[PDB]
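Data from model_33.txt: compact mmCIF, C-alpha atoms
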```txt
# COMPACT_ATOMS: atom_id res chain seq x y z
CA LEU R 196 -7.70 -5.26 4.26
CA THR R 197 -5.70 -8.48 4.47
CA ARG R 198 -5.20 -8.67 0.70
CA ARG R 199 -1.64 -9.85 0.17
CA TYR R 200 -2.15 -10.12 -3.59
CA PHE R 201 -3.62 -8.06 -6.43
CA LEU R 202 -6.21 -9.52 -8.79
CA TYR R 203 -6.05 -8.85 -12.53
CA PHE R 204 -7.60 -10.20 -15.71
CA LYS R 205 -6.70 -10.84 -19.35
CA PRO R 206 -9.02 -11.71 -22.25
CA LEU R 207 -8.97 -14.53 -24.79
CA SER R 208 -7.31 -14.14 -28.16
CA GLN R 209 -8.85 -14.50 -31.61
CA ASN R 210 -7.24 -17.94 -32.02
CA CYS R 211 -9.23 -19.19 -29.02
CA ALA R 212 -12.25 -17.30 -30.36
CA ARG R 213 -12.34 -19.08 -33.72
CA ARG R 214 -11.71 -22.35 -31.89
CA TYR R 215 -14.99 -22.30 -29.97
CA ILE R 220 -15.96 -11.38 -29.98
CA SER R 221 -15.33 -10.52 -26.35
CA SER R 222 -11.88 -9.11 -27.16
CA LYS R 223 -11.97 -6.99 -30.29
CA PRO R 224 -9.44 -4.21 -31.11
CA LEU R 225 -11.46 -1.10 -30.37
CA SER R 226 -10.97 2.49 -31.47
CA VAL R 227 -11.83 5.47 -29.30
CA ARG R 228 -14.25 6.62 -32.02
CA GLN R 229 -15.75 3.11 -31.82
CA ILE R 230 -16.72 3.61 -28.16
CA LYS R 231 -20.34 4.69 -28.83
CA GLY R 232 -20.98 5.54 -25.16
CA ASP R 233 -22.89 2.31 -24.23
CA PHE R 234 -19.67 0.28 -23.76
CA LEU R 235 -19.13 1.77 -20.29
CA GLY R 236 -18.63 -1.41 -18.33
CA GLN R 237 -17.44 -3.89 -20.92
CA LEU R 238 -13.88 -5.16 -21.08
CA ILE R 239 -12.26 -3.49 -24.05
CA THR R 240 -8.93 -3.92 -25.81
CA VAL R 241 -7.80 -0.57 -27.19
CA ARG R 242 -4.91 -0.11 -29.61
CA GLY R 243 -3.00 3.12 -29.75
CA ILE R 244 0.06 5.25 -29.17
CA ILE R 245 0.85 6.72 -25.79
CA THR R 246 1.78 10.39 -25.61
CA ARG R 247 1.03 11.46 -22.04
CA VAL R 248 2.09 9.47 -18.99
CA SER R 249 2.37 10.55 -15.36
CA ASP R 250 4.55 9.68 -12.40
CA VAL R 251 3.78 6.83 -10.03
CA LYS R 252 1.92 8.13 -7.00
CA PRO R 253 0.49 6.44 -3.89
CA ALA R 254 -3.29 6.70 -3.75
CA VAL R 255 -4.98 5.49 -0.59
CA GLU R 256 -7.83 2.95 -0.70
CA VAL R 257 -8.70 2.71 3.00
CA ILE R 258 -7.91 5.22 5.76
CA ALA R 259 -6.84 3.77 9.12
CA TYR R 260 -7.64 5.66 12.33
CA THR R 261 -6.21 4.82 15.75
CA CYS R 262 -7.39 5.75 19.24
CA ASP R 263 -5.70 5.61 22.63
CA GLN R 264 -8.94 5.64 24.61
CA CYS R 265 -10.51 2.47 23.25
CA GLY R 266 -7.83 0.77 21.18
CA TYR R 267 -10.21 -0.32 18.43
CA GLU R 268 -8.65 0.93 15.23
CA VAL R 269 -11.23 1.82 12.60
CA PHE R 270 -10.93 1.69 8.81
CA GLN R 271 -12.95 3.74 6.33
CA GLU R 272 -13.10 3.16 2.58
CA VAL R 273 -12.69 5.96 0.05
CA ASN R 274 -13.91 5.72 -3.54
CA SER R 275 -13.76 9.21 -5.03
CA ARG R 276 -10.85 11.52 -5.78
CA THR R 277 -11.35 13.40 -2.51
CA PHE R 278 -12.53 12.62 1.02
CA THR R 279 -13.18 14.16 4.41
CA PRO R 280 -11.46 13.35 7.73
CA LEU R 281 -13.71 11.42 10.09
CA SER R 282 -12.88 13.28 13.31
CA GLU R 283 -15.95 11.88 15.08
CA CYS R 284 -15.42 8.45 16.62
CA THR R 285 -17.60 5.69 15.19
CA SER R 286 -16.24 2.83 17.29
CA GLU R 287 -18.19 0.19 19.18
CA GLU R 288 -17.10 1.53 22.58
CA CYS R 289 -17.64 5.27 22.10
CA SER R 290 -21.31 4.84 21.16
CA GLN R 291 -22.23 3.84 24.73
CA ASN R 292 -20.22 6.69 26.27
CA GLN R 293 -20.26 10.34 27.23
CA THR R 294 -16.65 10.84 26.15
CA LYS R 295 -15.86 11.07 22.43
CA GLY R 296 -12.02 11.25 22.43
CA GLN R 297 -9.73 12.32 19.55
CA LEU R 298 -8.66 9.99 16.74
CA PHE R 299 -5.41 9.93 14.77
CA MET R 300 -4.38 8.70 11.35
CA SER R 301 -1.91 5.97 10.41
CA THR R 302 0.08 6.11 7.18
CA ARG R 303 1.46 2.62 7.80
CA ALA R 304 -1.64 0.49 8.37
CA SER R 305 -3.50 2.28 5.56
CA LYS R 306 -3.52 0.43 2.24
CA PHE R 307 -2.12 2.37 -0.70
CA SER R 308 -1.80 1.67 -4.42
CA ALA R 309 0.58 2.76 -7.16
CA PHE R 310 -1.81 4.96 -9.16
CA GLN R 311 -0.94 6.40 -12.56
CA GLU R 312 -2.92 8.20 -15.23
CA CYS R 313 -2.24 7.91 -18.95
CA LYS R 314 -3.62 9.36 -22.16
CA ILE R 315 -4.14 6.86 -24.97
CA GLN R 316 -4.40 8.40 -28.44
CA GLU R 317 -6.16 7.28 -31.60
CA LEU R 318 -4.11 5.42 -34.24
CA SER R 319 -3.19 7.29 -37.43
CA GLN R 320 -4.64 5.06 -40.14
CA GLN R 321 -7.65 4.09 -38.02
CA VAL R 322 -8.97 7.66 -37.83
CA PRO R 323 -11.55 8.60 -40.54
CA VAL R 324 -11.19 11.06 -43.41
CA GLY R 325 -10.66 14.58 -42.12
CA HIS R 326 -11.05 13.75 -38.41
CA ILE R 327 -8.36 14.25 -35.76
CA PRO R 328 -6.99 11.56 -33.38
CA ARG R 329 -8.80 12.35 -30.10
CA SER R 330 -7.60 10.98 -26.75
CA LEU R 331 -8.92 8.95 -23.81
CA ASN R 332 -7.87 8.49 -20.16
CA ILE R 333 -6.62 5.26 -18.56
CA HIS R 334 -6.20 4.96 -14.78
CA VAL R 335 -3.84 2.14 -13.79
CA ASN R 336 -3.11 0.69 -10.34
CA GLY R 337 -0.66 -1.79 -8.86
CA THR R 338 2.08 -3.79 -10.63
CA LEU U 177 0.31 -10.08 27.39
CA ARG U 178 -0.17 -6.60 25.94
CA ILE U 179 -0.57 -6.43 22.16
CA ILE U 180 -0.89 -3.16 20.24
CA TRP U 181 -3.30 -3.21 17.27
CA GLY U 182 -1.43 -4.14 14.11
CA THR U 183 1.83 -4.52 16.03
CA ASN U 184 3.55 -7.68 17.26
CA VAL U 185 5.53 -5.80 19.93
CA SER U 186 4.92 -6.44 23.63
CA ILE U 187 6.22 -3.74 25.99
CA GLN U 188 7.53 -5.59 29.06
CA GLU U 189 9.04 -8.59 27.22
CA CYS U 190 10.97 -6.39 24.77
CA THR U 191 11.91 -4.15 27.73
CA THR U 192 13.41 -7.12 29.60
CA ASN U 193 15.27 -8.55 26.58
CA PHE U 194 16.60 -5.08 25.65
CA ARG U 195 17.86 -4.74 29.23
CA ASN U 196 19.34 -8.26 29.05
CA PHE U 197 21.18 -7.39 25.84
CA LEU U 198 22.29 -4.05 27.29
CA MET U 199 23.73 -5.48 30.52
CA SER U 200 25.51 -8.31 28.71
CA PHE U 201 27.26 -8.02 25.33
CA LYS U 202 30.95 -8.77 24.73
CA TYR U 203 31.78 -8.85 20.95
CA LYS U 204 29.56 -11.83 19.97
CA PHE U 205 29.49 -10.62 16.34
CA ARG U 206 33.26 -11.16 16.20
CA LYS U 207 32.65 -14.80 17.18
CA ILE U 208 29.56 -15.94 15.20
CA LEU U 209 28.74 -13.49 12.38
CA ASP U 210 31.80 -14.45 10.33
CA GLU U 211 34.97 -16.55 10.75
CA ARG U 212 36.92 -13.50 11.92
CA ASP U 221 40.27 -8.97 24.89
CA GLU U 222 37.49 -6.50 25.62
CA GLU U 223 34.75 -6.65 28.28
CA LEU U 224 31.45 -4.73 28.75
CA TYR U 225 31.09 -3.15 25.28
CA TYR U 226 27.95 -1.19 26.14
CA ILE U 227 28.52 -0.45 29.84
CA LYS U 228 31.74 1.51 29.14
CA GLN U 229 30.24 3.72 26.40
CA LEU U 230 27.10 4.47 28.44
CA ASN U 231 29.22 5.18 31.52
CA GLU U 232 31.48 7.42 29.43
CA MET U 233 28.81 9.54 27.68
CA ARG U 234 27.01 10.64 30.86
```

What is this file in structure tokens?
Amino acid sequence: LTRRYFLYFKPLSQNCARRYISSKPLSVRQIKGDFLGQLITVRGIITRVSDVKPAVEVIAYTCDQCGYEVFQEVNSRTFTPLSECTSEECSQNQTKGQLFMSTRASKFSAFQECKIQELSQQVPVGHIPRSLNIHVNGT
Amino acid sequence: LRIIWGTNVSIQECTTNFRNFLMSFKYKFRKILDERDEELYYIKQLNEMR
């Protein structure tokens, strides 16, 4: 919530790999299925790109009755509005007063989808260059 | 000391300094904002518009 920065990674090159593997140039036909969760370096042309859009990460809700602003975390593409109060003061109370949303205290991210395509000479004989989706965020 | 959640704005202190700026301002930007007669710059406009 108080993250001023954005954390990112980069792999090692082949020159640091021969000098004492993890970063190989991978095709989208060379995905096999079981590489879901490994860091991969894919080479290809980019045909489809989208516009930069703000995607929320955490939804901030404010109340006038208690003052304790709550924050929920979303992970999927969609979500539901938490109209019921889950604060630490409304649990020991008869009243369950209305909550509102804040578009300023909520943390957003510059989300963008892209379609990477298979390279022309890396595709096999007769096959077509199928695509894959890349979801980028931040800078 | 009243503090709103996620806001560094106090009500009464900003109320008093906004009233102190509104009752006393005579072209200070002409004297210290750059190197470049009147009296009561905000009292006359507020007394005119009503």

Check: What is the distance between atom CA of residue R:239 and atom CA of residue R:310, in Å to one decimal?
Finding: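 Separating atom CA of residue R:239 from atom CA of residue R:310 is a distance of 20.1 Å.
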
Could you give me, as a Markdown table, every chain U residue with an atom at most 12 Å from chain R, plus its closest atom pair and distance in Å to one decimal, counting only C-alpha atoms, rows ordered by chain then number?
```
| residue | atom | partner | partner_atom | distance |
| --- | --- | --- | --- | --- |
| U:178 | CA | R:266 | CA | 11.6 |
| U:179 | CA | R:266 | CA | 10.3 |
| U:180 | CA | R:266 | CA | 8.0 |
| U:181 | CA | R:268 | CA | 7.1 |
| U:182 | CA | R:304 | CA | 7.4 |
| U:183 | CA | R:304 | CA | 9.8 |
```

Item checked: Between atom CA of residue R:232 and atom CA of residue R:335 - distance in Å to one decimal -> 20.8 Å

Checklist line | d(atom CA of residue R:199, atom CA of residue R:337) in Å | finding: 12.1 Å

Item checked: Spatial neighbours of residue U:198, 10 Å, only C-alpha atoms, chain gap at least 6 places, as a PyMOL selection string -> chain U and resi 192+224-227+230

Distance query 12 Å from (-5.3, -7.6, -23.6) using all atoms listed in the file, result as a short mmCIF file (atom, residue, chain, number, x, y, z; two decimals) with C-alpha atoms, keeping the file's coordinate frame:
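Output contents, as saved in part-v3.cif:
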```cif
data_model
loop_
_atom_site.label_atom_id
_atom_site.label_comp_id
_atom_site.auth_asym_id
_atom_site.auth_seq_id
_atom_site.Cartn_x
_atom_site.Cartn_y
_atom_site.Cartn_z
CA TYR R 203 -6.05 -8.85 -12.53
CA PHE R 204 -7.60 -10.20 -15.71
CA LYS R 205 -6.70 -10.84 -19.35
CA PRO R 206 -9.02 -11.71 -22.25
CA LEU R 207 -8.97 -14.53 -24.79
CA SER R 208 -7.31 -14.14 -28.16
CA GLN R 209 -8.85 -14.50 -31.61
CA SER R 221 -15.33 -10.52 -26.35
CA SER R 222 -11.88 -9.11 -27.16
CA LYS R 223 -11.97 -6.99 -30.29
CA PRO R 224 -9.44 -4.21 -31.11
CA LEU R 225 -11.46 -1.10 -30.37
CA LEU R 238 -13.88 -5.16 -21.08
CA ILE R 239 -12.26 -3.49 -24.05
CA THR R 240 -8.93 -3.92 -25.81
CA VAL R 241 -7.80 -0.57 -27.19
CA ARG R 242 -4.91 -0.11 -29.61
#
```

Next item on the list: Choose the residue, out of R:215, R:201, R:299, R:234, that has the smallest atom-to-atom separation from residue R:336; count only C-alpha atoms.
Entry: R:201

All residues 6 Å or closer to residue R:316, all atoms listed in the file, same chain fewer than 2 positions away omitted, as a PDB file with C-alpha atoms, keeping the file's coordinate frame:
```
ATOM      1  CA  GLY R 243      -3.000   3.120 -29.750  1.00  0.00           C
ATOM      2  CA  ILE R 244       0.060   5.250 -29.170  1.00  0.00           C
ATOM      3  CA  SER R 330      -7.600  10.980 -26.750  1.00  0.00           C
TER       4      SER R 330
END
```

Next item on the list: Have a look at R:237, R:213, R:273, R:246 and name the one nearest to residue R:328; count only C-alpha atoms.
Entry: R:246

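Distances here use all atoms listed in the file; by that measure, the residue among R:231, R:320, R:307, R:332 closest to residue R:255 is R:307.
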
Notebook entry, point to check: Quick one: of U:223, U:177, U:185, U:233, who's nearest to residue U:200, counting all atoms listed in the file?
Noted result: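 So, comparing all the options, the nearest one is U:223.
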